[PDB]
Amino acid sequence: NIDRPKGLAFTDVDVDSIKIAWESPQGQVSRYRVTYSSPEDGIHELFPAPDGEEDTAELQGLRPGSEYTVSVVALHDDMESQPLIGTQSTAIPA
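In the authors' numbering, the protein residues as written are 1 to 94.
Listed below in structure tokens is the structure:
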């Protein structure tokens, strides 16, 4: 069974490139539904089926430089573990 994650972290965030890393749900997930929404462009669905060694994501190819509302959700055959939110500020072009 899954175990639900807790809090995610961020490595390198940029108006056009952000690296995030969430905590594994101590249950080895088979798929991860990472969605990110924004008050302008809209939202998108990411399907980077992880394996166990890659507990992070690479949002490379954005544009805006504001707070992006991302939601990391672990998966397992067909479950909906607590949706982990990740509100980060896309480092504008300073």
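In this text, a Cβ means the ideal position worked out from N, Cα and C, and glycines have one as well.
Beta-carbon proximity check, residue i vs residue j, cutoff 7 angstroms
i: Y36; j: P50; result: no
i: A9; j: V34; result: no
i: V73; j: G86; result: no
i: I18; j: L59; result: yes
Residue i versus the options, residue with shortest Cα-Cα distance
i: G52; options: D16, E23 and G86; result: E23
i: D41; options: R4, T69 and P5; result: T69
i: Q26; options: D78, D3, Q88 and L59; result: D3
i: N1; options: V29, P48 and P39; result: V29
i: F47; options: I18, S38, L75 and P39; result: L75
Rounded separation between residue i and residue j - CA only
i: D16; j: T90; result: 7 angstroms
i: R63; j: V13; result: 12 angstroms
Where residue i falls, given that 16 or more other Cβ within 10 Å makes a residue buried
i: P5; result: buried
i: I20; result: buried
i: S66; result: exposed
i: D55; result: buried
Minimum Cβ-Cβ distance from residue i to chain D less than 7 angstroms
i: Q82; result: Going by chain labels, chain D is absent from the structure shown, which holds only one protein chain.
For residue i, the three-state DSSP class (helix, strand or coil)
i: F10; result: strand
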